[PDB]
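Note that ligands are numbered from 1 as they come in the structure, with each ligand's atoms numbered from 1 the same way. Proteins come first, then strands; the chains are lettered A, B, ... in the order of their sequence lines, and each starts at number 1. Values below: every heavy atom of this structure, side chains too, minus hydrogens, waters and symmetry copies.
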Amino acid sequence: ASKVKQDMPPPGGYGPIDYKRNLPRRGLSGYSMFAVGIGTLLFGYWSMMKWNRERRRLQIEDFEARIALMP
Amino acid sequence: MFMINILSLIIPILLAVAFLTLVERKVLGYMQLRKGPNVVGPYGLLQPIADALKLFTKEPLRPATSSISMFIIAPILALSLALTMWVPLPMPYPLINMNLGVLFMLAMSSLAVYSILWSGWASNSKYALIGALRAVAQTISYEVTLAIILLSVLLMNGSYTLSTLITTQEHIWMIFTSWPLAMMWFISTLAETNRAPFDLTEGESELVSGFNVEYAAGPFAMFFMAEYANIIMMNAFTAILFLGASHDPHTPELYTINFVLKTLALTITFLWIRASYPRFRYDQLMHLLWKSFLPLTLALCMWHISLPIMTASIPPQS
Ligand SMILES: CCCCCCCC/C=C\CCCCCCCC(=O)O[C@H](COC(=O)CCCCCCC/C=C/CCCCCCCC)COP(=O)(O)OCCN
């Protein structure tokens, strides 16, 4: 006298299954990104300004060495 | 002794191209939840050798309707130019020291488009012709913008000498000064190397194989070698242009290691990009390069001309 055994869902039911789209925001604001970009640009401009002025002075020194050696 | 230097530049570049293909396959595989070549040699390290040996022992085909001279010449020109573009690069010392090295790369890159043009036209098949015309459109799209970007960036270097770029970036990377130009330069290098999402000349899903559809065995291998050598060369040029490694005159291999690491990072970024985006349409590529990149590039060219005078920051050289 064996009872019926068959593939059935568990008593109660199965757990919920997600189906809706899940695309989070995961980002900053436009103002923040623009601000960081401009800040990086300004820092780079300042550094290159100092470096290029120093390079101009070094080139002047090299040219003076050449001038002293020319005669 | 200069011949030995030529060989020491040429053979390692070809070796790096061969293994770049293995790296490209593995990176794409792991980004696609698979493994890629791991059977032919430990970790697939012998796969490029098997590919090279298979390709050069396979029968090369000469199409009946083809023009024989251009058909044979085009791959030779492609591979020779790809090898030639490496000679002025400072790592940290160039094999050839040019006053205008940047102009040299510009001219040779402009002459490398003819291998795809002559190959496609001399194949005398319809898909090859469509690929060649797509190459024409691609060059028309990117050339002017790339040249103006190069000029705007080099305005802060003071010359077209490539080694001077090391001196310019002794304290700071040029990407912190011209990141808006760096982004456009990176996209234009993707467009110039016929890489995804700008791989229209081949266009496997649309044109079967594009300009090289009729090529087989060794000539096809040379076209592939030229393309991947161009990838590595362009990324090395970008690394020199925007990420300047510090150079110690008594310790140059430190610079060499730094530069190679940056070049590998940029090449891996190329492979990463190929695995993430759909292909452009070639009219859409032309519109992107002429309606967005061109106006911004012109404005930034004016800005980078005015800025050094504005702040008294003109570079040294005449
Ligand atoms: C105080 C003043 C100083 C100067 C001021 C400067 C401020 C600059 C502010 C803006 C700078 C932005 C620069 C960006 C230039 C191009 C941006 C752009 O607009 O292009 C897009 C599109 O550009 C793209 O998206 C290209 C697509 C291809 C993507 C390929 C891979 C993505 C890039 C990967 C990362 C790149 C990393 C670059 C740096 C590497 C190191 C060099 C336009 O396309 P559409 O959306 O269709 O709009 C037009 C039609 N309505």
Side-chain angles (χ1 to χ4, degrees), chain A residues 27-49, chain B residues 27 31 138 141-142 144-146 148-150 152-156 165 168-169 172-200 231-245 258-259 261-311 313:
Chain A
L28 254 186
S29 55
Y31 295 119
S32 206
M33 306 183 208
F34 284 133
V36 184
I38 312 295
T40 305
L41 282 181
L42 295 170
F43 172 74
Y45 294 162
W46 194 79
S47 283
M48 197 55 36
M49 178 225 293
Chain B
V27 159
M31 261 177 186
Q138 194 132 345
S141 309
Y142 71 73
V144 179
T145 305
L146 191 128
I148 303 179
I149 288 159
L150 218 33
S152 305
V153 171
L154 291 166
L155 280 161
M156 207 75 189
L165 281 157
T168 297
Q169 315 185 73
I172 201 183
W173 289 352
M174 264 217 87
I175 202 179
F176 300 117
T177 315
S178 41
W179 65 261
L181 285 172
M183 314 183 33
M184 299 207 246
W185 168 263
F186 195 81
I187 302 303
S188 322
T189 54
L190 283 158
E192 196 257 345
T193 43
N194 307 297
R195 282 295 295 195
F198 308 122
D199 52 332
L200 280 316
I231 302 319
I232 310 180
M233 173 285 294
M234 222 81 212
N235 277 312
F237 188 25
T238 299
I240 287 157
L241 202 57
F242 287 106
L243 322 168
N258 215 263
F259 152 83
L261 284 175
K262 280 158 187 174
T263 303
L264 280 184
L266 287 172
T267 305
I268 292 330
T269 312
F270 260 40
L271 318 181
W272 183 10
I273 276 166
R274 179 183 169 185
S276 303
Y277 302 121
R279 190 182 293 117
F280 261 77
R281 235 168 65 207
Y282 78 129
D283 70 315
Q284 294 174 340
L285 161 66
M286 179 165 311
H287 284 130
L288 162 81
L289 256 284
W290 279 68
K291 291 187 175 176
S292 279
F293 277 27
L294 193 55
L296 250 192
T297 304
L298 291 177
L300 281 169
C301 191
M302 316 165 72
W303 173 251
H304 279 266
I305 292 161
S306 279
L307 170 75
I309 304 164
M310 257 171 34
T311 65
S313 314

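The protein does not reach atom 50 (C) of ligand 1 closely, with no heavy atom under 4.0 angstrom from it. Proximity of atom 38 (C) of ligand 1 to the protein is indicated by at least one non-hydrogen atom lying closer than 4.0 angstrom. At a distance under 4.0 Å, no protein heavy atom can be found next to atom 24 (C) of ligand 1.
When only non-hydrogen protein atoms are considered, atom 18 (C) of ligand 1 lies nearest to B:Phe293 CE1, 4.7 Å. The single protein non-hydrogen atom nearest to atom 14 (C) of ligand 1 is B:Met183 CE, 4.1 Å, given as residue, atom name and distance. Residue, atom and distance of the protein heavy atom nearest to atom 41 (C) of ligand 1 are B:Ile175 CD1, 4.1 Å. Protein heavy atom nearest atom 34 (C) of ligand 1, with residue, atom name and distance: B:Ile273 CD1, 3.8 Å. Among all protein heavy atoms, the one lying closest to atom 31 (C) of ligand 1 is B:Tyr277 CE1, 3.6 Å. Protein heavy atom at the shortest distance from atom 36 (C) of ligand 1 is B:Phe186 CD2, 3.8 Å. Of the protein's non-hydrogen atoms, A:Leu41 CD1, 3.8 Å is the one closest to atom 6 (C) of ligand 1. Closest to atom 4 (C) of ligand 1, if we only count protein heavy atoms, is B:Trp303 NE1, 3.9 Å.
Summarising the geometry, atom CD1 belonging to B:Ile148 is positioned 6.5 Å from atom OG1 belonging to B:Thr297; distances are rounded to the nearest 0.5 Å. Here B:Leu285 contributes atom CG and B:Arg281 contributes atom CZ; the two are 11.5 Å apart, rounded to the nearest 0.5 Å. Between the CZ atom of B:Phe293 and the CD1 atom of B:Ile187 there is a distance of 5.5 Å, given to the nearest 0.5 Å. In this structure, the separation between CG on B:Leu243 and CZ on B:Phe176 is 8.5 Å, given to the nearest 0.5 Å.
Judged by distance alone, with hydrogens and angles left aside, the side-chain atoms of B:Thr193 form a donor-acceptor pair with the main-chain N or O of B:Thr189 at under 3.5 Å. Of the possible polar contacts, one joining the B:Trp179 side chain to the A:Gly37 backbone as a donor-acceptor pair under 3.5 Å is found. Proximity of a side-chain donor or acceptor of B:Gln138 to a complementary backbone N or O of B:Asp199 within less than 3.5 Å is not detected.
Residue-level proximity to ligand 1 for B:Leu288 is carried by the side chain, the only part with a heavy atom below 4.0 angstrom.
Between B:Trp185 and B:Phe237, the two ring planes are perpendicular [angle over 60°; tilted spans 30° to 60°].
For atom 15 (C) of ligand 1, the candidate residues are B:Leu296, B:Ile187, B:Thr297; the nearest heavy-atom contact is made by B:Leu296. Among B:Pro197, B:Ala182, B:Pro180, B:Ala196, the residue whose heavy atom sits closest to atom 11 (C) of ligand 1 is B:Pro180.
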Hey, can you pull the donor-acceptor pairs under 3.5 Å for the side chains in residues 304-311 of chain B, sequence neighbours left out?
from	atom 1	to	atom 2	distance (Å)
B:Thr311	OG1	B:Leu307	O	3.2
B:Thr311	OG1	B:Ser313	OG	2.6

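Within the listing of ligand 1, atoms 43 (C), 49 (C) sit less than 4.0 angstrom from a heavy atom of B:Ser292.
What you find for B:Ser178 and B:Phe242 is that their closest heavy atoms are OG-CE2, 3.6 Å.
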